[PDB]
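S.K.: What follows is final_4.txt, made up of compact mmCIF, C-alpha atoms and all ligand atoms:
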# COMPACT_ATOMS: atom_id res chain seq x y z
CA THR A 1 -18.34 23.29 -36.37
CA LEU A 2 -14.99 24.01 -34.63
CA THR A 3 -12.20 21.62 -33.70
CA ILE A 4 -9.81 22.07 -30.79
CA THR A 5 -6.60 20.62 -32.24
CA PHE A 6 -4.15 21.80 -29.52
CA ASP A 7 -1.63 22.58 -32.33
CA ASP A 8 -2.10 26.35 -32.10
CA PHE A 9 -1.73 26.66 -28.27
CA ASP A 10 1.17 28.73 -26.86
CA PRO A 11 4.43 26.68 -27.02
CA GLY A 12 5.29 27.96 -23.49
CA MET A 13 2.54 25.54 -22.31
CA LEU A 14 4.28 22.42 -23.71
CA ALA A 15 5.19 19.84 -21.16
CA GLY A 16 8.66 20.02 -19.47
CA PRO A 17 12.16 19.94 -20.97
CA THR A 18 11.88 16.09 -21.33
CA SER A 19 8.93 13.69 -21.65
CA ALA A 20 8.80 13.49 -17.83
CA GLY A 21 7.09 16.96 -18.05
CA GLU A 22 9.29 18.51 -15.31
CA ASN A 23 7.47 21.87 -15.74
CA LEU A 24 4.13 20.29 -14.66
CA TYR A 25 5.35 20.51 -11.04
CA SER A 26 6.17 23.37 -8.70
CA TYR A 27 9.37 21.91 -7.34
CA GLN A 28 11.57 20.88 -10.27
CA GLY A 29 13.03 24.28 -11.21
CA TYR A 30 10.93 25.14 -14.33
CA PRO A 31 8.12 27.67 -14.93
CA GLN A 32 5.20 25.46 -14.00
CA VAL A 33 2.30 25.10 -16.45
CA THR A 34 -0.80 24.84 -14.32
CA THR A 35 -3.10 26.22 -17.05
CA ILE A 36 -3.67 25.43 -20.77
CA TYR A 37 -6.04 27.20 -23.17
CA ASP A 38 -6.32 28.13 -26.84
CA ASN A 39 -6.27 31.90 -27.20
CA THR A 40 -5.99 34.12 -24.02
CA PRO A 41 -7.61 33.67 -20.53
CA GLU A 42 -10.13 36.36 -21.64
CA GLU A 43 -11.29 34.82 -24.96
CA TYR A 44 -10.74 31.04 -25.16
CA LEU A 45 -12.62 28.13 -26.70
CA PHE A 46 -11.14 25.60 -24.19
CA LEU A 47 -9.39 25.88 -20.82
CA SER A 48 -8.12 23.36 -18.28
CA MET A 49 -6.48 24.11 -14.95
CA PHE A 50 -4.70 21.74 -12.57
CA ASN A 51 -6.60 20.93 -9.40
CA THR A 52 -5.25 21.82 -5.96
CA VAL A 53 -5.13 18.91 -3.48
CA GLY A 54 -4.22 19.45 0.17
CA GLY A 55 -2.95 22.92 -0.76
CA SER A 56 -0.60 21.66 -3.53
CA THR A 57 -1.09 22.46 -7.27
CA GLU A 58 0.45 19.75 -9.43
CA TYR A 59 -0.14 17.45 -12.36
CA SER A 60 -0.74 14.71 -9.67
CA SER A 61 -3.68 16.72 -8.27
CA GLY A 62 -5.38 15.90 -11.60
CA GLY A 63 -5.48 17.98 -14.78
CA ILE A 64 -4.52 18.18 -18.43
CA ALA A 65 -1.08 18.87 -19.87
CA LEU A 66 -0.25 19.91 -23.46
CA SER A 67 2.24 17.50 -25.09
CA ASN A 68 4.04 16.92 -28.39
CA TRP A 69 5.85 13.78 -27.21
CA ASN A 70 5.55 10.31 -28.80
CA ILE A 71 8.42 8.25 -27.30
CA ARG A 72 7.31 4.66 -26.83
CA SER A 73 10.70 2.98 -26.47
CA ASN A 74 13.79 3.12 -24.34
CA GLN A 75 15.91 5.94 -25.74
CA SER A 76 19.69 5.76 -25.62
CA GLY A 77 20.63 5.43 -21.91
CA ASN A 78 17.21 4.23 -20.61
CA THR A 79 16.67 0.61 -19.53
CA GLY A 80 14.05 -1.55 -17.82
CA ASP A 81 10.47 -0.25 -17.95
CA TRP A 82 11.48 3.42 -18.58
CA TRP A 83 9.32 4.00 -21.66
CA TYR A 84 6.21 2.96 -19.77
CA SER A 85 7.20 4.85 -16.57
CA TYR A 86 6.13 8.25 -15.21
CA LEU A 87 9.46 9.57 -16.57
CA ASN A 88 7.83 9.20 -20.01
CA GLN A 89 4.33 10.09 -18.83
CA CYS A 90 3.86 12.78 -21.49
CA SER A 91 4.33 10.51 -24.52
CA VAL A 92 1.41 9.36 -26.62
CA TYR A 93 1.60 5.67 -27.65
CA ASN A 94 1.20 5.98 -31.49
CA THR A 95 2.46 3.10 -33.64
CA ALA A 96 1.21 4.80 -36.84
CA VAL A 97 4.32 7.07 -36.70
CA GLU A 98 7.82 5.78 -37.12
CA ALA A 99 10.04 8.54 -35.62
CA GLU A 100 9.80 9.23 -31.89
CA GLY A 101 10.38 12.25 -29.71
CA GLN A 102 9.15 15.80 -29.86
CA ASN A 103 6.85 17.36 -32.53
CA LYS A 104 6.93 14.23 -34.67
CA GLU A 105 3.42 14.84 -36.14
CA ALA A 106 2.02 12.15 -33.78
CA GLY A 107 -1.32 13.76 -32.79
CA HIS A 108 -4.54 12.92 -34.55
CA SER A 109 -4.01 16.54 -35.66
CA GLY A 110 -0.44 17.80 -35.91
CA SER A 111 2.15 17.37 -33.18
CA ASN A 112 0.04 18.55 -30.20
CA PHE A 113 -2.54 16.89 -27.94
CA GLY A 114 -3.79 16.96 -24.33
CA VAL A 115 -2.62 14.44 -21.70
CA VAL A 116 -5.28 13.76 -19.12
CA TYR A 117 -4.23 12.53 -15.71
CA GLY A 118 -6.33 11.76 -12.65
CA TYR A 119 -9.17 9.67 -11.24
CA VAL A 120 -11.30 9.33 -8.12
CA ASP A 121 -12.27 6.10 -6.34
CA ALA A 122 -13.24 4.92 -2.87
CA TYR A 123 -9.61 5.11 -1.67
CA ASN A 124 -8.72 8.77 -2.71
CA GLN A 125 -12.17 10.39 -3.03
CA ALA A 126 -11.94 12.25 0.32
CA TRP A 127 -9.02 14.46 -1.03
CA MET A 128 -8.55 13.95 -4.82
CA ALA A 129 -10.56 15.62 -7.61
CA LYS A 130 -11.09 14.68 -11.24
CA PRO A 131 -9.35 16.36 -14.21
CA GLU A 132 -11.60 18.92 -15.86
CA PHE A 133 -11.95 21.26 -18.81
CA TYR A 134 -14.35 24.05 -19.78
CA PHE A 135 -15.79 25.67 -22.85
CA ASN A 136 -16.25 29.42 -22.60
CA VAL A 137 -20.01 28.96 -23.24
CA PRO A 138 -22.26 25.86 -23.50
CA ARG A 139 -21.55 23.73 -26.58
CA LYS A 140 -22.65 20.73 -28.59
CA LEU A 141 -19.81 18.25 -27.95
CA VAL A 142 -19.81 16.18 -31.16
CA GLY A 143 -16.88 13.95 -30.26
CA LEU A 144 -13.10 13.67 -29.89
CA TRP A 145 -10.16 11.47 -30.75
CA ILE A 146 -8.25 9.46 -28.11
CA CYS A 147 -5.09 7.39 -27.85
CA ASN A 148 -3.25 5.74 -24.94
CA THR A 149 -0.13 7.08 -23.29
CA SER A 150 3.02 4.93 -23.53
CA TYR A 151 2.94 4.68 -19.69
CA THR A 152 -0.66 3.35 -19.65
CA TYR A 153 -0.22 1.11 -22.71
CA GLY A 154 2.94 -0.36 -21.26
CA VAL A 155 1.56 -1.10 -17.76
CA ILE A 156 -1.62 -2.66 -19.13
CA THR A 157 0.59 -4.86 -21.33
CA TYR A 158 3.45 -5.74 -18.86
CA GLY A 159 2.59 -4.41 -15.40
CA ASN A 160 5.13 -2.68 -13.15
CA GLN A 161 6.06 -1.91 -9.60
CA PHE A 162 5.89 1.55 -8.02
CA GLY A 163 7.14 2.63 -4.61
CA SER A 164 7.83 0.03 -1.93
CA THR A 165 4.86 -2.35 -2.46
CA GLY A 166 2.83 -1.02 -5.39
CA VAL A 167 2.14 -3.67 -8.09
CA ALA A 168 0.23 -3.25 -11.37
CA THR A 169 -0.73 -6.58 -12.95
CA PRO A 170 -1.01 -7.22 -16.71
CA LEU A 171 -4.72 -7.12 -17.54
CA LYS A 172 -4.62 -10.28 -19.78
CA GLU A 173 -3.41 -12.31 -16.75
CA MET A 174 -5.90 -11.22 -14.10
CA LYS A 175 -8.85 -11.02 -16.56
CA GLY A 176 -8.85 -7.25 -15.95
CA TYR A 177 -10.63 -4.25 -17.45
CA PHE A 178 -9.87 -0.56 -17.66
CA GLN A 179 -12.33 2.16 -18.68
CA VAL A 180 -12.34 5.91 -19.21
CA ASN A 181 -15.41 8.08 -18.43
CA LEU A 182 -16.26 11.42 -20.02
CA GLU A 183 -18.71 13.36 -17.83
CA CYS A 184 -20.54 16.33 -19.38
CA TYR A 185 -21.94 19.16 -17.17
CA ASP A 186 -24.48 21.90 -18.06
CA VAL A 187 -24.47 25.70 -17.67
CA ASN A 188 -25.50 25.34 -13.99
CA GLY A 189 -23.00 22.55 -13.32
CA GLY A 190 -25.67 19.82 -13.57
CA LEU A 191 -24.61 16.36 -14.79
CA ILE A 192 -25.99 15.87 -18.31
CA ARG A 193 -24.62 12.35 -18.86
CA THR A 194 -21.49 10.24 -18.27
CA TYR A 195 -19.97 8.51 -21.32
CA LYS A 196 -18.04 5.21 -20.89
CA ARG A 197 -15.28 3.73 -22.99
CA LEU A 198 -13.41 0.46 -22.51
CA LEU A 199 -9.65 0.79 -23.09
CA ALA A 200 -9.08 -2.88 -22.29
CA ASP A 201 -11.27 -5.80 -21.37
CA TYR A 202 -10.43 -9.47 -20.67
CA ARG A 203 -13.37 -10.49 -18.44
CA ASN A 204 -15.40 -13.75 -18.85
CA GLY A 205 -17.31 -15.41 -23.67
CA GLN A 206 -17.36 -9.88 -22.37
CA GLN A 207 -16.08 -9.14 -25.86
CA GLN A 208 -12.28 -8.89 -25.46
CA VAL A 209 -10.95 -5.34 -26.00
CA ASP A 210 -7.23 -4.90 -26.79
CA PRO A 211 -5.71 -1.42 -26.13
CA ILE A 212 -5.72 0.86 -29.17
CA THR A 213 -2.33 1.71 -30.67
CA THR A 214 -3.40 4.78 -32.66
CA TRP A 215 -5.95 7.57 -32.53
CA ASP A 216 -9.59 6.34 -32.36
CA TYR A 217 -12.80 8.39 -32.67
CA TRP A 218 -15.21 8.77 -29.71
CA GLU A 219 -18.70 10.00 -30.75
CA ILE A 220 -20.47 11.85 -27.87
CA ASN A 221 -23.26 14.19 -29.19
CA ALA A 222 -23.94 15.91 -25.85
CA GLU A 223 -26.05 19.13 -25.79
CA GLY A 224 -25.28 22.22 -23.74
CA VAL A 225 -21.93 21.15 -22.22
CA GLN A 226 -20.20 23.91 -20.21
CA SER A 227 -17.54 21.62 -18.74
CA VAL A 228 -16.19 18.08 -18.88
CA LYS A 229 -14.60 15.80 -16.31
CA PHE A 230 -12.74 12.51 -16.78
CA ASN A 231 -12.54 9.51 -14.54
CA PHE A 232 -11.06 6.00 -14.76
CA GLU A 233 -12.50 2.73 -13.47
CA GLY A 234 -10.64 -0.58 -13.59
CA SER A 235 -10.41 -3.95 -11.89
CA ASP A 236 -6.64 -3.76 -11.13
CA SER A 237 -7.46 -2.31 -7.68
CA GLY A 238 -6.17 -3.20 -4.16
CA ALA A 239 -6.08 -1.67 -0.66
CA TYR A 240 -5.21 1.78 -2.08
CA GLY A 241 -7.49 1.68 -5.12
CA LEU A 242 -6.70 1.69 -8.84
CA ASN A 243 -3.22 0.57 -9.93
CA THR A 244 -3.52 1.12 -13.65
CA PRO A 245 -2.04 4.60 -14.57
CA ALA A 246 -5.07 6.92 -14.86
CA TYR A 247 -4.14 8.63 -18.16
CA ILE A 248 -5.55 9.19 -21.65
CA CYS A 249 -4.53 11.45 -24.54
CA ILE A 250 -7.06 13.65 -26.35
CA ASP A 251 -7.08 15.47 -29.69
CA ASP A 252 -9.44 17.14 -32.15
CA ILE A 253 -12.37 17.92 -29.87
CA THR A 254 -15.30 18.84 -32.17
CA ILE A 255 -17.85 21.48 -31.04
CA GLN A 256 -20.70 23.69 -32.32
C1 LIG A 301 -1.24 9.07 -2.65
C2 LIG A 301 -0.72 8.81 -4.07
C3 LIG A 301 -1.09 7.69 -4.83
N1 LIG A 301 -0.67 7.51 -6.13
CO1 LIG A 301 0.54 8.54 -7.13
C4 LIG A 301 -0.87 9.60 -7.60
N2 LIG A 301 -1.72 10.36 -7.87
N3 LIG A 301 0.66 9.86 -5.84
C5 LIG A 301 0.19 9.84 -4.62
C6 LIG A 301 0.72 10.95 -3.75
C7 LIG A 301 1.81 10.24 -2.97
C8 LIG A 301 1.55 10.31 -1.49
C9 LIG A 301 2.26 11.38 -0.74
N4 LIG A 301 3.27 12.08 -1.22
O1 LIG A 301 1.84 11.56 0.39
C10 LIG A 301 1.13 11.99 -4.79
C11 LIG A 301 -0.04 12.93 -4.98
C12 LIG A 301 2.41 12.83 -4.50
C13 LIG A 301 1.28 11.02 -5.99
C14 LIG A 301 2.04 11.27 -7.03
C15 LIG A 301 2.13 10.51 -8.22
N5 LIG A 301 1.46 9.48 -8.44
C16 LIG A 301 1.40 9.31 -9.84
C17 LIG A 301 0.82 8.25 -10.46
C18 LIG A 301 0.72 8.07 -11.95
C19 LIG A 301 0.24 7.17 -9.62
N6 LIG A 301 0.12 7.22 -8.34
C20 LIG A 301 -0.46 6.01 -7.85
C21 LIG A 301 0.68 5.16 -7.26
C22 LIG A 301 -1.08 6.40 -6.55
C23 LIG A 301 -1.70 5.52 -5.48
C24 LIG A 301 -2.80 4.47 -5.87
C25 LIG A 301 -2.36 3.02 -5.62
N7 LIG A 301 -3.21 2.01 -6.07
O2 LIG A 301 -1.26 2.88 -5.01
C26 LIG A 301 -2.01 6.54 -4.36
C27 LIG A 301 -3.47 7.12 -4.38
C28 LIG A 301 -1.75 5.94 -2.96
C29 LIG A 301 -0.32 5.66 -2.48
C30 LIG A 301 -0.34 4.88 -1.17
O3 LIG A 301 -0.32 5.47 -0.14
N8 LIG A 301 -0.19 3.57 -1.27
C31 LIG A 301 0.87 2.83 -0.61
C32 LIG A 301 1.92 2.05 -1.61
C33 LIG A 301 1.75 2.21 -3.17
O4 LIG A 301 3.37 2.09 -1.36
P1 LIG A 301 3.85 3.17 -0.26
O5 LIG A 301 5.37 3.12 -0.17
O6 LIG A 301 2.89 3.12 0.93
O7 LIG A 301 3.35 4.43 -1.13
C34 LIG A 301 4.16 5.48 -1.67
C35 LIG A 301 4.35 5.41 -3.16
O8 LIG A 301 3.26 4.72 -3.75
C36 LIG A 301 4.43 6.87 -3.61
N9 LIG A 301 3.78 7.13 -4.93
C37 LIG A 301 2.57 7.66 -5.13
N10 LIG A 301 2.28 7.74 -6.44
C38 LIG A 301 3.31 7.20 -7.08
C39 LIG A 301 3.61 7.01 -8.41
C40 LIG A 301 4.81 6.47 -8.89
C41 LIG A 301 4.96 6.35 -10.40
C42 LIG A 301 5.87 6.02 -7.91
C43 LIG A 301 7.18 5.42 -8.42
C44 LIG A 301 5.57 6.22 -6.50
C45 LIG A 301 4.33 6.80 -6.09
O9 LIG A 301 3.78 7.62 -2.62
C46 LIG A 301 3.42 6.80 -1.51
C47 LIG A 301 3.79 7.49 -0.21
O10 LIG A 301 5.20 7.70 -0.23
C48 LIG A 301 -1.17 5.40 -9.12
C49 LIG A 301 -1.36 3.89 -9.08
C50 LIG A 301 -2.49 6.05 -9.44
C51 LIG A 301 -3.10 5.75 -10.80
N11 LIG A 301 -3.88 4.66 -10.86
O11 LIG A 301 -2.85 6.54 -11.75
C52 LIG A 301 -0.21 5.83 -10.20
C53 LIG A 301 0.99 4.88 -10.65
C54 LIG A 301 0.68 3.97 -11.89
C55 LIG A 301 1.67 2.83 -11.97
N12 LIG A 301 1.22 1.58 -12.07
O12 LIG A 301 2.82 3.00 -11.92
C56 LIG A 301 2.01 10.49 -10.57
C57 LIG A 301 2.90 10.17 -11.78
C58 LIG A 301 0.82 11.38 -11.02
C59 LIG A 301 1.31 12.54 -11.93
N13 LIG A 301 0.62 12.78 -13.05
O13 LIG A 301 2.27 13.26 -11.60
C60 LIG A 301 2.84 11.10 -9.38
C61 LIG A 301 4.35 10.84 -9.25
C62 LIG A 301 5.14 11.68 -8.23
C63 LIG A 301 5.21 13.19 -8.53
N14 LIG A 301 6.04 13.47 -9.55
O14 LIG A 301 4.59 14.09 -7.89
CA CA A 302 -3.19 17.97 -32.25
How does this structure look as structure tokens?
Ligand code: CNC
Ligand SMILES: [Ca+2]
M.R.:
Amino acid sequence: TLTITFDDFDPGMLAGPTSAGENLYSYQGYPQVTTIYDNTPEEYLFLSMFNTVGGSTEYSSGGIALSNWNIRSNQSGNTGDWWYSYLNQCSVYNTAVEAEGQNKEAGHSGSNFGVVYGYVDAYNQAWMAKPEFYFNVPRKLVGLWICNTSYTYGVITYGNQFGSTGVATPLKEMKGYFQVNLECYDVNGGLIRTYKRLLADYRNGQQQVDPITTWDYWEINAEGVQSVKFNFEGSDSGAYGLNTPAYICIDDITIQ
């Protein structure tokens, strides 16, 4: 058995100066981290790269960032919904850990963890692609730990607005659900199996699921996985698809 803990990855890969992760984008003046991995590009255990969508390579195109952030509250100077905004996208929501900011030992392992962003639905499927990672060779994927991001936790709990018209509704109110999917692929890129996990559920007397507030184990036991994709499904979905921020944090991936 091995565990990918993220804690030993190159610091140069850590998301942006602040918890907005300004270096996850081409255009904000920082060396942009498109690619994370454990050792070198030559010999790695794990590797994710940002997708390219309409010729543009960005965290929004779907991918996985390395983070050591755990802010879940308006820091000095921030107001309104800031702590569950995209300007704190990189933060894990972890209530088991009193101090908040950068390397505050808030992973299921140390300070570090992956932040998954992206999803595909009927509205964006023509252009968008799912976040993905790879093993260097096919592996038994035993399981992994997960936790919500402050952004996702917040918007589930309170909703928000975004852009001119965008509305996200609290899931308690509209009897909503939100789910993450872990899709395992084989050595030839064949789908082995898709794994589902409810992050929240308040549907009709369905077992109610409240969002986790600390790291929670996800048993998989998939054989011969070369690569993994993530998607999100949820019922908070209008004219332009899913409104709930399509993010999850990941730590301590166990393999053999
Ligand atoms: C297309 C799209 C969409 N996006 Co963008 C995505 N992917 N997005 C984009 C693109 C914008 C379009 C463009 N430049 O041409 C694109 C790829 C740049 C983008 C970017 C972002 N987006 C992001 C997110 C998280 C989201 N996006 C959605 C709005 C998400 C949408 C899904 C949805 N249900 O809305 C979405 C699929 C459709 C928007 C649309 O046309 N609707 C029309 C409407 C919302 O108002 P509008 O004035 O016509 O639309 C504008 C804004 O919505 C704005 N916009 C788009 N995304 C966001 C996100 C935020 C936080 C804000 C404040 C504005 C935007 O772009 C639109 C065109 O100007 C989102 C609901 C998807 C999701 N379920 O995760 C979600 C917001 C969650 C929430 N409740 O707040 C990013 C933070 C992703 C990231 N990891 O970086 C990022 C923020 C900007 C950046 N730093 O690059
Ligand atoms: Ca870790």
S.K.: If you count all atoms listed in the file, which residues end up within 9 Å of ligand LIG 301 (chain A), as a PyMOL selection string?
M.R.: chain A and resi 20-22+24-25+53+56+58-63+84-87+89+116-120+123-124+128+151-152+155-156+159-169+232+234+236-247
S.K.: I need the residues from that last selection saved to file as a tab-separated table (two decimals), in the frame of the given file (with C-alpha atoms), if you can.
M.R.:
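Here's the written file out.tsv:
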chain	number	residue	atom	x	y	z
A	20	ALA	CA	8.80	13.49	-17.83
A	21	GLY	CA	7.09	16.96	-18.05
A	22	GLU	CA	9.29	18.51	-15.31
A	24	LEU	CA	4.13	20.29	-14.66
A	25	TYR	CA	5.35	20.51	-11.04
A	53	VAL	CA	-5.13	18.91	-3.48
A	56	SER	CA	-0.60	21.66	-3.53
A	58	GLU	CA	0.45	19.75	-9.43
A	59	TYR	CA	-0.14	17.45	-12.36
A	60	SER	CA	-0.74	14.71	-9.67
A	61	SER	CA	-3.68	16.72	-8.27
A	62	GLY	CA	-5.38	15.90	-11.60
A	63	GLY	CA	-5.48	17.98	-14.78
A	84	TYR	CA	6.21	2.96	-19.77
A	85	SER	CA	7.20	4.85	-16.57
A	86	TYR	CA	6.13	8.25	-15.21
A	87	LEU	CA	9.46	9.57	-16.57
A	89	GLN	CA	4.33	10.09	-18.83
A	116	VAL	CA	-5.28	13.76	-19.12
A	117	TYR	CA	-4.23	12.53	-15.71
A	118	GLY	CA	-6.33	11.76	-12.65
A	119	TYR	CA	-9.17	9.67	-11.24
A	120	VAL	CA	-11.30	9.33	-8.12
A	123	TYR	CA	-9.61	5.11	-1.67
A	124	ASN	CA	-8.72	8.77	-2.71
A	128	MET	CA	-8.55	13.95	-4.82
A	151	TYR	CA	2.94	4.68	-19.69
A	152	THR	CA	-0.66	3.35	-19.65
A	155	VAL	CA	1.56	-1.10	-17.76
A	156	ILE	CA	-1.62	-2.66	-19.13
A	159	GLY	CA	2.59	-4.41	-15.40
A	160	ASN	CA	5.13	-2.68	-13.15
A	161	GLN	CA	6.06	-1.91	-9.60
A	162	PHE	CA	5.89	1.55	-8.02
A	163	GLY	CA	7.14	2.63	-4.61
A	164	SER	CA	7.83	0.03	-1.93
A	165	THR	CA	4.86	-2.35	-2.46
A	166	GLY	CA	2.83	-1.02	-5.39
A	167	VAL	CA	2.14	-3.67	-8.09
A	168	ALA	CA	0.23	-3.25	-11.37
A	169	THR	CA	-0.73	-6.58	-12.95
A	232	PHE	CA	-11.06	6.00	-14.76
A	234	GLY	CA	-10.64	-0.58	-13.59
A	236	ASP	CA	-6.64	-3.76	-11.13
A	237	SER	CA	-7.46	-2.31	-7.68
A	238	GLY	CA	-6.17	-3.20	-4.16
A	239	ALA	CA	-6.08	-1.67	-0.66
A	240	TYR	CA	-5.21	1.78	-2.08
A	241	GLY	CA	-7.49	1.68	-5.12
A	242	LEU	CA	-6.70	1.69	-8.84
A	243	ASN	CA	-3.22	0.57	-9.93
A	244	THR	CA	-3.52	1.12	-13.65
A	245	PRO	CA	-2.04	4.60	-14.57
A	246	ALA	CA	-5.07	6.92	-14.86
A	247	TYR	CA	-4.14	8.63	-18.16
S.K.: With all atoms listed in the file as the atoms that count, which of A:195, A:215, A:178, A:153 lies nearest to residue 72 of chain A?
M.R.: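 Of A:195, A:215, A:178, A:153, the one nearest residue 72 of chain A is A:153, counting all atoms listed in the file.
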S.K.: Quick one: everything within 10 Å of residue 16 of chain A, counting only C-alpha atoms, minus sequence neighbours fewer than 5 positions away in the same chain. Send it as a short mmCIF file (atom, residue, chain, number, x, y, z; two decimals) with C-alpha atoms, in the frame of the given file.
M.R.:
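Output file part36.cif follows:
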data_model
loop_
_atom_site.label_atom_id
_atom_site.label_comp_id
_atom_site.auth_asym_id
_atom_site.auth_seq_id
_atom_site.Cartn_x
_atom_site.Cartn_y
_atom_site.Cartn_z
CA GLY A 21 7.09 16.96 -18.05
CA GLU A 22 9.29 18.51 -15.31
CA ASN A 23 7.47 21.87 -15.74
CA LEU A 24 4.13 20.29 -14.66
CA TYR A 25 5.35 20.51 -11.04
CA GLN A 28 11.57 20.88 -10.27
CA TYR A 30 10.93 25.14 -14.33
CA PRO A 31 8.12 27.67 -14.93
CA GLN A 32 5.20 25.46 -14.00
CA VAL A 33 2.30 25.10 -16.45
CA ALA A 65 -1.08 18.87 -19.87
CA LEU A 66 -0.25 19.91 -23.46
CA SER A 67 2.24 17.50 -25.09
CA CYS A 90 3.86 12.78 -21.49
#
S.K.: Please extract the residues at most 6 Å from ligand CA 302 (chain A), counting only C-alpha atoms and all ligand atoms, and provide them as a list in words, using the chain letters and residue numbers of this document.
M.R.: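 The residues near ligand CA 302 (chain A) are residues 5, 6, 7, 107, 108, 109, 110, 111, 112, 113 and 251 of chain A.
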S.K.: One decimal, Å: what's the distance from atom CA of residue 194 of chain A over to atom CA of residue 230 of chain A, could you say?
M.R.: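 One can read the atom CA of residue 194 of chain A to atom CA of residue 230 of chain A distance as 9.2 Å.
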S.K.: Which residue is closest to residue 134 of chain A? Choose from A:4, A:249, A:187, A:47 and count all atoms listed in the file.
M.R.: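 Residue with the minimum atom-to-atom distance to residue 134 of chain A: A:47.
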S.K.: For the atom pair atom CA of residue 105 of chain A and atom CA of residue 209 of chain A, what is the interatomic distance in Å to one decimal place?
M.R.: 26.8 Å
S.K.: Determine the nearest neighbour of residue 88 of chain A from the options A:140, A:103, A:49, A:19, counting all atoms listed in the file.
M.R.: A:19
S.K.: Just give me the residues with any atom within 12 Å of (-17.2, -10.8, -13.6), file coordinates, counting all atoms listed in the file, written as a compact mmCIF listing (two decimals) with C-alpha atoms, in the frame of the given file.
M.R.:
# COMPACT_ATOMS: atom_id res chain seq x y z
CA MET A 174 -5.90 -11.22 -14.10
CA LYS A 175 -8.85 -11.02 -16.56
CA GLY A 176 -8.85 -7.25 -15.95
CA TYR A 177 -10.63 -4.25 -17.45
CA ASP A 201 -11.27 -5.80 -21.37
CA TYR A 202 -10.43 -9.47 -20.67
CA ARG A 203 -13.37 -10.49 -18.44
CA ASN A 204 -15.40 -13.75 -18.85
CA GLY A 205 -17.31 -15.41 -23.67
CA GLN A 206 -17.36 -9.88 -22.37
CA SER A 235 -10.41 -3.95 -11.89
S.K.: Have a look at A:199, A:122, A:147, A:180 and name the one nearest to residue 106 of chain A; count all atoms listed in the file.
M.R.: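 Comparing A:199, A:122, A:147, A:180 against residue 106 of chain A, the winner is A:147.
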S.K.: What is the atom CA of residue 233 of chain A to atom CA of residue 131 of chain A distance in Å?
M.R.: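 Pair atom CA of residue 233 of chain A / atom CA of residue 131 of chain A returns 14.0 Å.
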S.K.: Hey, which of A:10, A:64, A:15, A:256 ends up closest to residue 38 of chain A? Count all atoms listed in the file.
M.R.: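 Closest to residue 38 of chain A, using all atoms listed in the file: A:10.
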S.K.: Select, from A:54, A:207, A:70, A:198, the residue with the minimum atom-to-atom distance to residue 96 of chain A, counting only C-alpha atoms.
M.R.: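 That would be A:70, the residue with the smallest distance to residue 96 of chain A.
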S.K.: Show me as a compact mmCIF listing (two decimals) with C-alpha atoms, in the coordinates of the input the residues that reach within 6 Å of (-21.4, 19.1, -21.2), counting only C-alpha atoms and using the file's own coordinates.
M.R.:
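part.txt written:
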# COMPACT_ATOMS: atom_id res chain seq x y z
CA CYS A 184 -20.54 16.33 -19.38
CA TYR A 185 -21.94 19.16 -17.17
CA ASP A 186 -24.48 21.90 -18.06
CA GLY A 224 -25.28 22.22 -23.74
CA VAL A 225 -21.93 21.15 -22.22
CA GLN A 226 -20.20 23.91 -20.21
CA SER A 227 -17.54 21.62 -18.74
CA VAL A 228 -16.19 18.08 -18.88
S.K.: Around all of segment 136-149 of chain A's listed atoms, make the axis-aligned box with 3 Å on each side and tell me centre and edge lengths in Å to one decimal, as AutoDock Vina command-line options.
M.R.:
--center_x -11.4 --center_y 17.6 --center_z -26.9 --size_x 28.5 --size_y 29.7 --size_z 14.6
